[PDB]
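Some notes on the structure that comes next.
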Amino acid sequence: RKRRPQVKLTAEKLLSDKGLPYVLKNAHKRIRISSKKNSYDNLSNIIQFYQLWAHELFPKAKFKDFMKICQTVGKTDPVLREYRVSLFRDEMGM
Amino acid sequence: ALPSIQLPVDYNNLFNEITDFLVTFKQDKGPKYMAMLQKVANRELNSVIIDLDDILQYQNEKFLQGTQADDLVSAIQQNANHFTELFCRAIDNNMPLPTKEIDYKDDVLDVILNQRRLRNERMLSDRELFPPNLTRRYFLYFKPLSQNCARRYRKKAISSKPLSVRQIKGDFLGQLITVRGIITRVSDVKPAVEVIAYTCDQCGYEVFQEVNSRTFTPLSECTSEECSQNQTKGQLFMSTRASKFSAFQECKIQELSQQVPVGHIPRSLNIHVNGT
Amino acid sequence: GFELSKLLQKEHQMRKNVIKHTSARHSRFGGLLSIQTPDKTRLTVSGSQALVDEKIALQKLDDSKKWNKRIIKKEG
DNA sequence: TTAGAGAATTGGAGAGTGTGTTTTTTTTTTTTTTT
DNA sequence: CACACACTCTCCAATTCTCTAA
Ligand SMILES: [Zn+2]
């Protein structure tokens, strides 16, 4: 009767297992930094982590569309801002 | 609609008897066919010649001790194509592990086995996939009954009598027959595909497609669960490395000039030899 | 003609940059690879160009998707 | 000016009407001009 | 004939929009 609706970026999907915990864990042990190397290589390595996170979290949409939708959701949906405030408060304790 | 008919063959009992024969037959080392399967597992042989004299002897032996058979030789000379699949399934069930240090330098099929198994296992715990023909590395054939010189061959054993191309009527279709004639035109060897190994650009999942139709249509639609749930609509790419091919040759057998009735013209019959 | 020569140099440079992605051989050469991405993924992306650099493989991963979004747009 | 309740429109799957094949010029006679 | 292709006919929910919201 009706086609299966396309999967969109729901709030629950943003907290997937291969998501925020994964990047928070691997930020300090995934990407190497060296100013001696050309800046293009460093920038590509930095964007590699986010690109793989987006693909293994949402292989339907591309890079730019995914980031645009995420930015619009963050500017619109206040739950993301609340979560960011909560993590900021937690980090402020140290 | 499709009607229904009653046929006294009972394929399940026949399959159980087939497994018993492959396990509990020893010609006058262990069982002959278990030894053959051991050789196959060692990659030193890829031709399971299922003799019918052996099956007849097995039936005769168990006739004296329970008659635990349903005339298999007379049940596969009537429909041999299905029993090729039955024998292959019985061999896969009773396939011994290798007993030799076989080099696995070219183990593309084994690599696909373990890779897909690991990919499935990393999500199966939630922290058949392979077609039966894809894993097989052997070809199964039937050796027809030899001369009986007994009351068993009471016009039976149609594979014992060498027919001519003219005597192959339309009611023999599906039977296991034998013909006598002179080959006239054998073609070159061509790789006939049995199962394709399409790989998707995304979603990582590869889907196989068994084909015996002389012509098929590529899938080109990532219907895998991840691709469908993400609606990526990925396309499929053939992988001849992971596909299964069988050598195919198309001979053509005529009939000898002594088998042609007066005033007639010799006939011919296409032969499809494939495998070993 | 001096600006002509300069424009030819510029277009030669951009064409040289273009051919850095094309394979040394024909398209049908069949360069297939698997990227051992995090989670031991065995995603398959084709192209002998991807065998040169991992970034090229990731870009081929990115542009493989056929889905695109809607970009809005507008003398008397 | 912000996070959130209301109208308004149209693209992506699918119902459906009509297509498009397989499909062939070998070999064998008969003629005609050169040979 | 019918299975596969190309495409007109047709149709609701996610995507945009501006009146009333905080
Ligand atoms: Zn796909």
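What is the distance in Å between the Cα centroid of the range B:115-171 and that of the range B:67-103?
7
Given N residues in chain C, what is its alpha carbon radius of gyration divided by 2.2 N^0.38 Å?
1.65
Tell me the volume per residue, in Å³, of the convex hull enclosing the alpha carbons of chain B.
230
Could you state the orientation-averaged shadow area of the convex hull built on the Cα atoms of the protein assembly as shown, in nm² to one decimal?
Projected over every direction and averaged, the Cα hull of the protein assembly as shown covers 44.6 nm².
Enter the mean number of other protein chain beta carbons within 10 Å of the beta carbon of each residue in A:33-45, as an integer.
Counting Cβ atoms of other protein chains within 10 Å of each residue's Cβ and averaging gives 1.
Which links in B:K39/B:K156; A:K68/C:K74; B:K143/B:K169; B:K190/B:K244; A:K13/C:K69; B:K105/B:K244 stretch past 24 Å when you go from one Cα to the other?
Pairs exceeding 24 Å: B:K39/B:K156.
Do any trypsin sites (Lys or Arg not before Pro) in the range C:1-45 lie in a loop, going by DSSP, with at most 12 other beta-carbon atoms within 10 Å of their beta carbon, and if so which?
Qualifying residues, ordered by number: C:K20, C:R25, C:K40.
Using a 7 Å offset from Cα along Cα-Cβ at C:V52, what residues in the range C:1-32 end up with backbone N under 12 Å from the label point?
C:16-25
Identify the residues of the range B:189-205 with backbone N under 20 Å of a label point that sits 7 angstrom from the Cα of B:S268 along the Cα-to-Cβ direction, or state none.
B:189-190
What are the semi-axes of the equivalent ellipsoid of chain A, taken as the square roots of 5 times the eigenvalues of the Cα gyration tensor, listed largest first and rounded to whole Å?
They are 27, 21, 12 Å, listed largest first.
Which of B:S239, C:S5 comes first, and how do the rest follow, when ranked by fewest Cβ neighbours within 10 Å?
C:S5, B:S239
Using a Förster radius of 41 Å, what is the FRET efficiency between B:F216 and B:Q68 based on their Cβ-Cβ separation? Nearest 0.05, please.
Approximately 0.50, to the nearest 0.05.
Looking only at other chains, what is the average number of their beta-carbon atoms within 10 angstrom of each beta-carbon in C:31-44?
Per-residue shielding by partner chains comes out at 5.
Which order results if A:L52, A:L87 are arranged by neighbouring Cβ count within 10 Å, fewest first?
With the fewest neighbours first, A:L52, A:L87 line up as A:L87, A:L52.
Could you list, by residue number, the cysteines of the protein assembly as shown that have no other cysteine's beta carbon within less than 4.7 Å of their beta carbon?
Among the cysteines of the protein assembly as shown, those whose Cβ sits 4.7 Å or more from every other are A:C70, B:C88, B:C149, B:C251.
What's the local net charge at C:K10, with K and R +1, D and E -1, over the other residues with C-beta under 12 Å away?
+1
Out of the range A:1-84, which trypsin sites (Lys or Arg not before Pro) are coil in DSSP terms and have no more than 13 other C-beta atoms within 10 Å?
Of the trypsin sites (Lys or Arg not before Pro), the ones in loops of the range A:1-84 whose Cβ has at most 13 other Cβ atoms within 10 Å are A:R1, A:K2, A:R3, A:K8, A:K18, A:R32, A:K36, A:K37.
Can you figure out the FRET efficiency of A:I33 with C:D62, using R₀ = 35 Å and their beta-carbon distance, to the nearest 0.05?
Calculated value: 0.90.
At a Förster distance of 56 Å, what's the computed FRET efficiency of B:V186 paired with C:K40, Cβ-Cβ distance as r, to 0.05?
E between B:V186 and C:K40, to the nearest 0.05, is 0.70.
How would you rank B:147-157, B:195-205, highest first, on the average number of other Cβ atoms within 10 Å across their residues?
Averaged packing, sorted descending, gives the order B:195-205, B:147-157.
Any chance you could check the Cα centroid distance between the range C:44-66 and the range A:47-94 for me, in angstrom?
Using only Cα atoms to place each centre, the spacing works out to 25 Å.
Would you mind counting up the charge near A:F63? Only other residues with Cβ under 14 Å from its Cβ, with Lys and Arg at +1 and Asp and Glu at -1.
Counting the neighbours of A:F63, the net charge comes to +4.
Along its three principal axes, how long is the range B:136-276 when you only count alpha carbons? Whole Å, largest extent first please.
Ordered largest first, the range B:136-276 gives principal extents of 69, 36, 26 Å.
Bin all alpha-carbon pair distances of the range B:1-107 at 5 Å intervals from 0 and give each bin's fraction as a whole percent.
With a bin width of 5 Å, the distribution comes to 2, 10, 20, 21, 17, 11, 7, 5, 3, 2, 1, 0.
Chymotrypsin sites (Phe, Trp or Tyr not before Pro) within the range B:70-119: which are DSSP loop residues with at most 12 other Cβ atoms inside 10 Å?
B:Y104
For peptide B:197-210, compute the average count of partner chain beta-carbon atoms within 10 Å of each residue's beta-carbon.
That average works out to 3.
Positions of Cβ are backbone-derived with ideal geometry, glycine not excepted, and every protein chain shown enters the neighbour counts. Quick note: the coordinates plus some simple rules give every number you see, no bench work behind them.
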